[PDB]
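**Q** This one's experimental. Sequence and coordinates below.
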Amino acid sequence: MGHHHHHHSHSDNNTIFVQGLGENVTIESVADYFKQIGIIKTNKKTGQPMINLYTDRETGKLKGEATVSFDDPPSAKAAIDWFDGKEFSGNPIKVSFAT
């Protein structure tokens, strides 16, 4: 690794890493907020949209982070550009790619 990188093109993947959602956050809360941008992936065995909520190790409460798998990478990227710096539930979220 170094200062200059060979893959100069930007890898827009279909899963995003969101921060600062709140201690009160659900899979379907993140899904129903991000749905306005595009279609989010969904596991049918659980019946929930593919979103992994980060829970804290010592406190056992929600950290306010989640990984949101969209069906399309342009939808994943658009959700970042749109929701980065916006309030999820009174909390200003910081949205990035899950990489």
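**A** Cool, the structure landed. Numbering: from 1, shown residues only.
**Q** counting contacts, what elements does the strand with the most length in the chain pack onto?
**A** Of all the segments of type strand in the chain, defined by DSSP state E, the longest one is strand 62-69. The elements that strand 62-69 packs onto, with contact taken as 3 or more Cβ pairs under 8 Å, 6 or more residues apart in numbering; DSSP states H and E, are strand 15-19, helix 27-34, strand 51-55. Any C-beta I mention is one placed from the backbone N, CA and C, and that applies to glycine too.
**Q** Starting from it, tell me which strands it pairs with and how they run.
**A** strand 15-19 (antiparallel), strand 51-55 (antiparallel) (DSSP bridges).
**Q** Redo the ones you listed as TSV? Include distance to residue 74 and mean neighbour count.
**A** Output for these, formatted as TSV (distance: least, Cβ to Cβ, whole Å; neighbours: other Cβ atoms under 10 Å):
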stretch	distance to residue 74	mean neighbour count
strand 15-19	12	20
strand 51-55	19	16
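**Q** Export those strands as JSON lines, with columns for distance to residue 68.
**A** As requested, the strands paired with strand 62-69 are exported to JSON lines (distance: least, Cβ to Cβ, whole Å):
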{"stretch": "strand 15-19", "distance to residue 68": "5"}
{"stretch": "strand 51-55", "distance to residue 68": "5"}
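**Q** Please report how far residue 42 lies from residue 69.
**A** Distance of residue 42 to residue 69, given as Cβ to Cβ, to the nearest Å: 9 Å.
**Q** who's more crowded, the two?
**A** Remark: of residue 42 and residue 69, residue 69 carries more neighbours, 18 against 14, as counted by other Cβ atoms under 10 Å.
**Q** quick one on the thing from earlier: any residues in contact with both of residue 42 and residue 69?
**A** Common contact partners of residue 42 and residue 69 (Cβ atoms under 8 Å, 6 or more residues apart in numbering): residue 50.
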